[PDB]
Amino acid sequence: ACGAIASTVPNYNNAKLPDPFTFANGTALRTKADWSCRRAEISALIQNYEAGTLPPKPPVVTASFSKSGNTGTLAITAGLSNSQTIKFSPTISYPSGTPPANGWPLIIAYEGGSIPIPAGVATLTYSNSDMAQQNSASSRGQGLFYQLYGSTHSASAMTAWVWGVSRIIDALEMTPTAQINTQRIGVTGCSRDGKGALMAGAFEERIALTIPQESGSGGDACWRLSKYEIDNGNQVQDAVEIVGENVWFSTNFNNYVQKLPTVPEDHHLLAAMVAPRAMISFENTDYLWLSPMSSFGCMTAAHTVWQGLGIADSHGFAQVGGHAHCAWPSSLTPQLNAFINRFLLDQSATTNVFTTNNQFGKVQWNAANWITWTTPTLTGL
Ligand SMILES: O[C@@H]1[C@@H](O)[C@H](O[C@@H]2CO[C@@H](O)[C@H](O)[C@H]2O)OC[C@H]1O
Ligand SMILES: *[C@@H]1O[C@H](CO)[C@@H](O)[C@H](O)[C@H]1NC(C)=O
Ligand SMILES: *[C@H]1O[C@H](CO)[C@@H](O)[C@H](O)[C@@H]1O
Ligand SMILES: *[C@H]1O[C@H](CO)[C@@H](O)[C@H](O)[C@@H]1O
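According to the deposited numbering, the sequence shown is numbered sequentially starting from 80.
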């Protein structure tokens, strides 16, 4: 449908943010349907430059389910055509009583997440660290995912985590007795797991609502903007430091962290891969390590894709200070609940949330220095 998908752009060189609305081959997006093909191209580019290869669904995916009290266990086996298999068993915490006719809405929470989950939503606890370890650079190629695909598989730890989420949703589709509404699945995580949750929502289209919390550099911040922050004296995490600190990105990314303008994507395009589905991310200006200006500018740039698709209110961003890292401030519960209410609970909640305190330290956000495109009105359904 999309023709030959570009995964490498050898001649690319753009110090500003890559344009969401033009394909690698120079074709301008015109229809809402065009975004499907552009998202597939962005997927290939992100895999090639920074995330490694995301394997497709394997030939063997089996699931069994059992429940004790209000806790379900979803036992998953995944296997390749060469007979290799791995197994993992996430748990689900259920609300009590009769579920809705179509099952409970569900949030997949990376290691439990750090947001309050409303009482009518089930929580699946995903041990992403067991799927792909993330202690330090020493963790490269370690985890269940690599016991299936091999320790030298190019998938980053975050890409391995996505693969696991995709197997969980496969298992839920195959297991109606788990009583989950598979059309109302969200994902969340905080800090390094918030980087993971953004990757999951971007790459796994069956996720209705994505909630990254204080994800920082490699999450809802942009590489190019964080480079600008660190060059101007903000003590931010940036691409150069992050690839030496852990294994959240492919080893191939090391070849580009000093040459960011040659990368034909940034994390505004990563975030835009969630479109036309819903996402709200939350940031904290108390920690310059999280690169506050970069997140605001990056999500402002990503927002133009939802704007061009006529669904601006499906994308939210709320950035405040005054609380510890991954502590949830009660002041943002209304904004969080608005998105859960609308996109997981089918309520008529308004979701116009795009706010910052502009506390960016030694830099300012100047959209004209970073966003070079006008937002088109994409046509059609
Ligand atoms: O040690 C790292 C290498 O493993 C890495 O190799 C890259 C992996 O992805 C491939 O697509 C690239 O061709 C290849 O260069 O390069 C960087 C190095 O730090
Ligand atoms: C440009 O690339 C996109 C994505 O692969 C494709 O859909 C489109 O048809 C291409 N343009 C031409 C003129 O082939
Ligand atoms: C990235 O991926 C594309 C296909 O997804 C290839 O055509 C390209 O050569 C690179 O391997
Ligand atoms: C895109 O990626 C390829 C490797 O997949 C590079 O060889 C090329 O120069 C461009 O960076």
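Yeah, the Cβ is synthetic: ideal placement off N, Cα and C, and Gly gets one too.
Margin query: Within the continuous alpha helix (DSSP H) that includes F224, where are the two ends?
Written below: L223 to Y228
Checklist line | Any non-hydrogen atom of ligand 2 closer than 7 Å to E344 Cβ | finding: no
Next item on the list: Could you tell me whether the Cβ atoms of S160 and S233 are closer together than 8 Å?
Entry: no
Notebook entry, point to check: Looking only at its own chain, which residues have a Cβ that is under 7 Å from the Cβ of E293, when we skip the five neighbours before and after it?
Noted result: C269, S270, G273, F361, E362, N363, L369, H404 and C405
Margin query: Here's a check: name, in chain order, each residue in its chain whose Cβ is nearer than 6 Å to the Cβ of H382, leaving out the five neighbours to either side.
Written below: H394
Note to self: Among the candidates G401, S215 and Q438, whose CA atom is the shortest distance from the CA of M372?
What the structure shows: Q438
Margin query: Applying the 10 Å Cβ sphere with the 16-neighbour rule, what's the burial state of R303?
Written below: buried
Next item on the list: List the endpoints of the continuous beta strand (DSSP E) containing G268.
Entry: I259 to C269
Notebook entry, point to check: How long is the line joining the alpha carbons of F144 and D209, rounded to whole angstroms?
Noted result: 20 Å
Next item on the list: Write down the C-beta distance between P197 and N431 rounded to the nearest angstrom, noting that I regard them as a contact closer than 8 Å.
Entry: The pair is not a contact, with the Cβ atoms about 20 Å apart (cut-off 8 Å).
Checklist line | Outcome for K306 when other beta-carbon atoms lying within 10 angstroms are tallied against a minimum of 16 | finding: buried
Next item on the list: Report yes if the C-beta distance between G297 and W327 is below 8 Å; otherwise report no.
Entry: yes
Next item on the list: Using only the heavy atoms of ligand 2, determine whether one of them is closer than 7 Å to the beta carbon of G82.
Entry: yes
Note to self: Between the alpha carbons of residue 461 and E129, how many angstroms are there, rounded?
What the structure shows: Here the chain has residues from 80 to 460 only, and residue 461 is not among them.
Checklist line | Pick from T164, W114, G148 and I194 that is closest to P413, judged by C-alpha positions | finding: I194
Margin query: Quick check: does the Cβ of residue 474 come within less than 7 Å of any heavy atom belonging to ligand 2?
Written below: Any answer about residue 474 is impossible in this case: the structure gives the chain only from 80 up to 460.
Next item on the list: Using a threshold of 8 Å, state whether the C-beta atoms of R263 and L423 are closer than that.
Entry: yes
Checklist line | Boundaries of the alpha helix (DSSP H) in which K111 is found, first to last residue | finding: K111 to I125
Margin query: Can you tell me whether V244 is buried or exposed? The criterion is at least 16 other CB atoms within 10 Å of its CB, across all chains shown.
Written below: buried
Item checked: Closest residue to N181 among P135, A257 and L203 (Cα-Cα distance) -> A257
Margin query: Using a Cβ-based criterion (distance less than 7 Å to any ligand heavy atom), does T101 qualify as near ligand 2?
Written below: no
Next item on the list: Using only alpha-carbon positions, find the residue among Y228, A211, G222 and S175 that is nearest to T202.
Entry: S175
Note to self: I need the boundaries of the alpha helix (DSSP H) containing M253, first residue and last residue.
What the structure shows: Element bounds for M253: n/a, residue is neither H nor E.
Notebook entry, point to check: How would you call residue 473, buried or exposed, if buried means at least 16 neighbouring beta carbons within 10 angstroms?
Noted result: Nothing about residue 473 can be reported from this structure: the residues present for the chain run from 80 to 460 only.
Notebook entry, point to check: Mind checking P99: buried by the 16 CB within 10 Å criterion, or exposed?
Noted result: buried
Next item on the list: On the DSSP bridge assignment, give the partners of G158 in chain order.
Entry: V139 and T164
Check: How is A357 classed by DSSP in three states: helix, strand or coil?
Finding: strand
Item checked: Nearest-angstrom Cα separation, counted from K136 out to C116 -> 20 Å
Checklist line | Best match in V353, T454, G459 and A276 for proximity to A239 [C-alpha to C-alpha] | finding: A276
Notebook entry, point to check: Per DSSP, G151 forms a beta bridge with which residues?
Noted result: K146 and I171
Next item on the list: Just confirm the distance between the C-beta atoms of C377 and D299, as a whole number of angstroms; I'd bet it's less than 8 Å.
Entry: 6 Å
Note to self: Please report the straight-line C-alpha distance between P89 and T341, rounded to a whole angstrom.
What the structure shows: 8 Å
Check: Measuring from the CB of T412, is there a heavy atom of ligand 3 at a distance below 7 Å?
Finding: no
Note to self: DSSP has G395 in a bridge; who is on the other side?
What the structure shows: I359
Next item on the list: Please determine, among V139, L185, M358 and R219, the residue with the shortest C-alpha to C-alpha distance to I390.
Entry: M358
Checklist line | Per DSSP, the bridge partner or partners of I290 | finding: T267
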